[PDB]
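Given as structure tokens, the chain that follows is alone and in the form deposited in one PDB entry.
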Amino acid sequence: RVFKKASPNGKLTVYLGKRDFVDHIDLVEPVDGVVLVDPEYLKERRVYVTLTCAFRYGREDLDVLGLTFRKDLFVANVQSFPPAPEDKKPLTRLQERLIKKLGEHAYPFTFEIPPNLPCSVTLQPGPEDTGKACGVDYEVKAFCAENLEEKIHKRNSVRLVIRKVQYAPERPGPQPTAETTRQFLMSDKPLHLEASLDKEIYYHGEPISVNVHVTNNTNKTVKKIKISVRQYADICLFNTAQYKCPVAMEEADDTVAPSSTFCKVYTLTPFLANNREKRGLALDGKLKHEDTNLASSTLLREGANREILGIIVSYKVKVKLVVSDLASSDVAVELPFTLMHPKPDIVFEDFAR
């Protein structure tokens, strides 16, 4: 499959092998595309292609109306036509195959996204939240003009929004574990809670198994157990804020009687509600789009600048025991984990998802 998009007037069209490019931590899948130029129409004008990564606030896109803040994080510019020498580019199979099938008016354009840039992330504030829509976008803009210092008209340019998604391989080592012990009033007898997850890294759609073990040497009773997954998303630019939202929950009527032991495995799956409501939830795309998932965890390299990532995302499973005197007491434990995007003769389809 191949996506393509043309400017208002078919004079210019962009072609991409995919909408999502994967970040592998050490390197990022290259953005290799091709553009179809019509030399006659262009005549004088040259065809350029720019890749922009920017944090934007106030609107759901980099458009003007109501965009109150914008910070450029990465910009790359290539002259596709005529093919500029300096911008050498060892074509990729997909590019060869595409220039051949499209014609000789089709020229390649290729971008190398640095590894430490933030991935595509967006957030739409909830009903009672006063912050605005914001996010990090990667925009590919193909346009034509004599030189870069001259005005470009919207009619001869194509703007596509691609996604850089983060992937990481499952790792070796002990699984996430946490425990706590509680002594209530008028007693030295302990209620001990221990839990763990089957892995440290999970992918969109994958179920999370939570092993919960309780040693109740108390005269108290555990009435119920609540297991939840929560997302934490911090806005780091312009209008600082901290959002928190449950993305999976399970309340079970399991009980743990006085001086008894209990264990059970609970399975839940963080999921973006098919019904897209504006909750202060960080996503990896517009909530409107089908392929949009919950944002992936932000990977924080040692000593890396946190602000310029724009929105920091993390997840945690929380295990809570509701105990049977004043108000019901609660014994809980939290377990961090990281959520990532899964691991990854020519048919054309629109890009607009």
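Quick note: we count residues from 1 along the sequence shown, nothing fancier. Only the largest set of C-alpha atoms that superpose within 1.5 Å between the two forms is called the rigid core.
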182-190 or 113-121, the stretch lying farther from the shown form in 5 other deposited structures of this protein by root mean square CA distance over structures and residues, after core fitting, is 182-190
In 5 other deposited structures of this protein, superposed by the rigid core, which stretch departs further from the shown form in CA positions, 66-74 or 306-314? 66-74
Look at the other compared PDB entries that model both sides of residue 10, then say whether a third or more of them leave it out. no
Gap at residue 344 across at least one third of the other PDB entries: yes
Between residue 336 and residue 337, determine how many residues of the deposited chain lack coordinates; answer none if the chain runs continuously, otherwise 1 to 3, 4 to 9, or 10 or more. none
Missing from the model but present in the deposited sequence, between residue 324 and residue 325: 4 to 9
Per the entry, higher mean C-alpha B factor between 293-301 and 38-46: 38-46
Quick check on the record: does 228-236 or 253-261 carry the larger mean Cα temperature factor? 253-261
Determine which member of 188, 149, 139, 194 has the highest CA B-factor, using the values in the deposited entry. 149
Of the choices 123, 98, 208, 222, which one's C-alpha carries the largest B-factor in the record? 98
For residue 130, the third of its chain by CA B-factor is the highest
Going by the recorded CA B-factors, say which third of the chain residue 306 sits in, lowest, middle or highest. middle
Classify residue 331 as lowest, middle or highest third according to the C-alpha B-factor given in the PDB entry, relative to its own chain. lowest
Give the position of residue 271 by CA B-factor within its chain, expressed as the lowest, middle or highest third. middle
Which third of the chain holds residue 116 when residues are ordered by C-alpha B factor: lowest, middle or highest? middle
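There is another form of the same protein, the form solved in complex with a partner chain; it is not shown, and what comes next is about it.
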Pick the stretch from 143-151, 189-197, 97-105, 256-264 whose residues have a heavy atom within 4.5 Å of the partner chain in the entry with it bound. 97-105
Among 113, 160, 178, 73, just one has a heavy atom within 4.5 Å of the partner chain in the entry with it bound, namely 160
